[PDB]
Amino acid sequence: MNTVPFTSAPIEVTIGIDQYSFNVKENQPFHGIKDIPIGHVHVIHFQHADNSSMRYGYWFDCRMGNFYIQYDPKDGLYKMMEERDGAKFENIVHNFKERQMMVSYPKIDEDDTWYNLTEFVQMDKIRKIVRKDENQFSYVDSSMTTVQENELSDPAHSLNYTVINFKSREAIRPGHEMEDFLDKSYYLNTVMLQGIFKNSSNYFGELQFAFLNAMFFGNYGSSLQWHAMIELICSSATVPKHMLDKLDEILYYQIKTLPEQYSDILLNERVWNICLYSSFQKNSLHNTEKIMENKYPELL
Amino acid sequence: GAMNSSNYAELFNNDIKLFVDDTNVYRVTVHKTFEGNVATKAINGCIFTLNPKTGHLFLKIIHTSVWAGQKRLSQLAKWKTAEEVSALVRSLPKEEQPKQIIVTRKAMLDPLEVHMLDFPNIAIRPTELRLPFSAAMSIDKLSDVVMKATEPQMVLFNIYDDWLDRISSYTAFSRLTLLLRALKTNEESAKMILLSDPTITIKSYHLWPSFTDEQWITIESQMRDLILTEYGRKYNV
């Protein structure tokens with residue numbers, strides 16, 4: 001069980017840790033989050049009480065180093081930082097635990113929600129989508145644009161998701177225009193799975209990461225990426241059976257977790273209606289179709 | 001974006017453009033079988049590809065053999081149309097290639113955009129205009145070359161005959177759309193109006209009769225009257 005200490009909490013903020021969130025008051029004696037499950041990527045996220053605009057946060061894995069949060073009064077935000085001195089860090093954490101100034105990561109024993117949302121998500125892949133190689137953790141916020149969004153403007157602060165475009169030469173083989181446009185199996189299996197992602201685990205990892213950025217930061221380009229990756233699979237006649245079974249589980253937990261009140265801005269009516277009712281895979285996502293029909297029948 | 005009443009004069013500027021109409025590509029007769037079920041028999045069709053500035057009509061004849069053994073023919077017809085337009089553009093010298101293609105039906109947009117990915121600078125546009133190009137098969141010479149075809153064939157026409165010697169493209173396109181609108185609304189009446197006087201003939205190298213400027217005004221008046229009457233009838237107004 002790992003710890004992310006906080007130097008202090010000088011400004012009033014809602015702190016998220018994965019799917020959990022806590023209100024902290026201006027100058028509350030808050031010194032961080034303990035009992036963080038090892039084995040998964042985590043995200044620690046922030047919304048200032050005085051500016052409900054700009055959700056922002058940090059993807060990290062406690063196996064990759066000792067991380068803490070410290071408020072920067074110049075840049076006006078909670079910053080993640082690495083502590084390279086192991087003894088100074090153990091000493092800081094031990095003191096804050098002794099004085100019980102830390103919240104406990106509030107995992108229920110039965111509850112596999114976070115595993116199910118992050119099953120294929122790996123820090124090494126996050127660091128290729130979010131390029132800042134001098135840190136072992138990755139900053140994301142509400143306003144960051146995607147490489148694809150920038151093509152249609154600062155590349156340093158961009159989300160480098162894999163570009164998917166159904167009306168592109170990459171997607172459409174010369175002489176198979178109608179075939180490749182109406183059945184995207186070529187594009188999914190040869191170009192994306194064999195060519196770029198190498199395996200379905202990396203494809204699912206980007207899909208899951210795009211969803212979580214959409215949900216936790218309301219990042220619009222991430223939402224576009226999540227939907228594009230769903231639609232590429234549902235619009236392919238030929239998909240490995242294990243991928244369909246796994247996609248149904250992935251989407252089930254995403255729809256389960258989504259706040260009921262954000263369904264209107266986070267779910268694309270056209271994509272979901274097409275995927276569940278018209279697409280090749282319309283009968284292949286039983287869990288997802290059942291949760292969508294019971295939770296968001298309005299959207300359909 | 002879309003072509004409408006507001007941006008109409010753009011059709012007659014010096015940027016090369018083509019209208020594509022796919023409404024006569026897939027054509028069938030519906031009939032009863034011996035068992036009293038219904039079946040279709042395909043007949044020859046055509047892509048109507050028209051330069052509205054010059055009158056040049058690229059009539060790609062669609063022979064019934066192209067449908068043999070194919071499924072979902074109404075969907076295939078859109079893709080075949082986009083394949084043939086694309087092949088036409090690639091056959092033209094670079095300086096003759098269109099800068100815009102305007103499709104008369106929105107269902108042609110994705111098929112054409114996908115076939116023209118090699119031509120990112122050619123704009124594919126819809127239109128809000130209700131153009132009567134479906135009536136092209138009411139022009140006797142066009143109907144005759146489609147129905148006699150025994151194989152795929154491209155035939156080139158000038159749908160304006162020699163009008164551009166006397167009138168502007170704008171006026172030529174207005175005459176064409178009025179003639180086709182008439183032929184679409186009441187084909188028999190429209191054709192009676194065009195051929196009633198046997199002294200006015202159709203030249204071997206033309207589609208329409210050799211009317212004087214004065215006789216065109218009378219003809220155009222008879223077509224407007226035909227269209228308004230049929231409107232009153234359709235709608236009991």
Side-chain angles (χ1 to χ4, degrees), chain A residues 167, chain B residues 1-25 46-60 78 81-136 139 142 154 156-185 207-208 213 216 220 223-224 227:
Chain A
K167 296 196 286 188
Chain B
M3 208 264 292
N4 52 43
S5 308
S6 305
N7 57 21
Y8 190 69
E10 190 173 8
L11 294 178
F12 312 115
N13 76 10
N14 298 115
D15 288 358
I16 302 171
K17 50 183 71 61
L18 298 172
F19 276 119
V20 171
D21 182 83
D22 67 312
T23 66
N24 287 305
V25 165
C46 58
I47 309 166
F48 183 95
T49 299
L50 171 67
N51 186 328
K53 174 85 174 183
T54 64
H56 289 201
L57 171 64
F58 298 93
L59 194 77
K60 177 67 193 221
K78 299 171 201 324
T81 297
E83 187 178 25
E84 287 298 351
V85 169
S86 177
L88 171 60
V89 168
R90 295 164 207 274
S91 77
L92 290 165
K94 184 185 203 219
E95 61 278 9
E96 292 176 42
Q97 292 177 345
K99 293 306 172 79
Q100 301 179 12
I101 308 172
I102 311 157
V103 301
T104 64
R105 309 199 294 172
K106 303 199 201 63
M108 276 304 307
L109 288 168
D110 280 350
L112 197 54
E113 162 166 15
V114 167
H115 271 280
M116 302 289 288
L117 293 171
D118 287 339
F119 295 100
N121 290 357
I122 302 179
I124 308 303
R125 303 181 58 207
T127 181
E128 300 303 342
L129 299 183
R130 41 270 203 185
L131 295 160
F133 298 145
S134 69
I139 301 166
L142 301 190
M154 163 78 84
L156 299 200
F157 294 91
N158 192 317
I159 202 166
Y160 298 154
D161 296 339
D162 65 347
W163 310 336
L164 290 187
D165 295 346
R166 298 189 70 75
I167 65 180
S168 65
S169 300
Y170 181 109
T171 303
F173 190 77
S174 304
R175 181 181 292 162
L176 178 66
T177 63
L178 174 67
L179 290 172
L180 288 176
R181 181 62 59 202
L183 287 159
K184 184 169 180 156
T185 316
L207 295 181
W208 314 98
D213 294 8
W216 267 128
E220 287 168 349
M223 293 299 192
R224 293 196 191 92
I227 293 164

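Note on naming: letters A, B, ... go to the chains in the order of the sequence lines (proteins, then strands), and numbering restarts at 1 for each one. Just so it is clear, the values below take in all heavy atoms, side chains as well, and ignore hydrogens, waters and symmetry mates.
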- Query: Are B:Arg175 and B:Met223 side-chain neighbours, meaning at least one heavy-atom pair lies under 4.5 Å?
  - Reply: no
- Atom pair CD (B:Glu128) and OG (B:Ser6), whose distance is rounded to the nearest 0.5 Å: 10.5 Å
- Query: Relative to the ring of B:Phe19, is the ring of B:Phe173 parallel (under 30°), tilted (30 to 60°) or perpendicular (over 60°)?
  - Reply: parallel
- Note on the structure: Between B:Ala2 and B:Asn7, the two heavy atoms sitting closest are O-ND2, 3.3 Å
- Message: As an exercise, state the distance from CD1 of B:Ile139 to CG of B:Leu183, rounded to the nearest 0.5 Å.
- Response: 7.0 Å
- Query: For the atom pair NZ (B:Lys78) and NE2 (B:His115), what is the distance rounded to the nearest 0.5 Å?
  - Reply: 13.5 Å
- Message: Let's go through B:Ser174 and B:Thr171 carefully: what are the C-alpha distance in whole Å and the side-chain angles of both, what is the deciding distance for side-chain hydrogen bond (donor to acceptor under 3.5 Å, both in side chains) to 0.1 Å, and is it a yes or a no?
- Response: CA-CA 5 Å; B:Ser174 304; B:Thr171 303; 5.8 Å; no
- Note on the structure: The single option from B:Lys99, B:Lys17, B:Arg125 that satisfies salt bridge (charged side-chain N to carboxylate O under 4.0 Å, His left out) with B:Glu10 is B:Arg125
- Counting only N and O atoms by type, is there a donor-acceptor contact under 3.5 Å from the side chain of B:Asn158 to the main-chain atoms of B:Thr54? yes
- Give me the one residue out of B:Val103, B:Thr23, B:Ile47, B:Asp21 that meets side-chain contact (heavy atoms from CB on, under 4.5 Å) with B:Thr81. B:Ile47
- Under the side-chain contact (heavy atoms from CB on, under 4.5 Å) rule, what do B:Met116 and B:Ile124 come out as? Steps first, then yes or no, please. CA-CA 9 Å; B:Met116 302 289 288; B:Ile124 308 303; 4.3 Å; yes
- Query: Does the B:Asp161 side chain pair with the main chain of B:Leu207, one donor and one acceptor, at a distance under 3.5 Å?
  - Reply: yes
- Classify the ring geometry between B:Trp163 and B:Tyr160 as parallel (under 30°), tilted (30 to 60°) or perpendicular (over 60°). parallel
- Task: Give the intermediate values and the outcome of side-chain contact (heavy atoms from CB on, under 4.5 Å) for residues B:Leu178 and B:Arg224.
- Result: CA-CA 7 Å; B:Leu178 174 67; B:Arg224 293 196 191 92; 3.7 Å; yes
- Note on the structure: On a heavy-atom basis, the closest approach of B:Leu131 and B:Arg181 is C-NH2, 4.1 Å
- Message: So which atom in B:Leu18 and which in B:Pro98 form the shortest heavy-atom distance, rounded to 0.1 Å?
- Response: CD1-CG, 3.9 Å
- Closest heavy-atom pair and its distance - B:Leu88, B:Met154: CD1-CE, 3.9 Å
- Where is the tightest heavy-atom contact between B:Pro52 and B:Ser169, given as atom of each residue plus distance? O-CB, 4.1 Å
- Considering only heavy atoms from C-beta outward, does the side chain of B:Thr104 approach that of B:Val20 to under 4.5 Å? no
- Message: Taking the side chain as everything from C-beta on, heavy atoms only, tell me whether B:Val85 gets closer than 4.5 Å to B:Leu112.
- Response: yes
- Could you go step by step and tell me if B:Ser86 and B:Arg90 meet the side-chain hydrogen bond (donor to acceptor under 3.5 Å, both in side chains) rule? CA-CA 6 Å; B:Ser86 177; B:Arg90 295 164 207 274; 2.8 Å; yes
- Might you work through the side-chain contact (heavy atoms from CB on, under 4.5 Å) test for B:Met3 and B:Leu129, ending with a clear yes or no? CA-CA 7 Å; B:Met3 208 264 292; B:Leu129 299 183; 3.5 Å; yes
- Is there a side-chain contact between B:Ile102 and B:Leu11 (heavy atoms, below 4.5 Å)? yes
- Message: Measuring centre to centre across the rings, with the benzene-like ring taken for any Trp, is B:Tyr170 within less than 6.0 Å of B:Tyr8?
- Response: yes
- Query: Any sub-3.5 Å donor-acceptor pair from B:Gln97's side-chain atoms to B:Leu92's backbone N or O?
  - Reply: yes
- Message: Using salt bridge (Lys or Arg N to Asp or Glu O under 4.0 Å), reason through B:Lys53 and B:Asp15 one step at a time and then give a plain yes or no.
- Response: CA-CA 9 Å; B:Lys53 174 85 174 183; B:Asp15 288 358; over 6 Å; no
- Message: For the CD atom of B:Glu84 and the NZ atom of B:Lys60, what is their distance to the nearest 0.5 Å?
- Response: 3.5 Å
- Side chains of B:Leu109 and B:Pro126 in contact at under 4.5 Å (non-hydrogen atoms): yes
- Item | pair B:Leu50-B:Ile159: side-chain heavy atoms closer than 4.5 Å | yes
- Report the C-alpha distance between B:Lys184 and B:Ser134 in whole Å, list the side-chain angles of each, state the deciding distance to 0.1 Å, and finish with yes or no for side-chain hydrogen bond (donor to acceptor under 3.5 Å, both in side chains). CA-CA 8 Å; B:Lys184 184 169 180 156; B:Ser134 69; 2.9 Å; yes
- Tell me, do B:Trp208 and B:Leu176 make a side-chain contact under 4.5 Å, heavy atoms counted? yes
- Step by step, would you call B:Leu57 with B:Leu142 a side-chain contact (heavy atoms from CB on, under 4.5 Å)? CA-CA 11 Å; B:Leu57 171 64; B:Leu142 301 190; 4.0 Å; yes
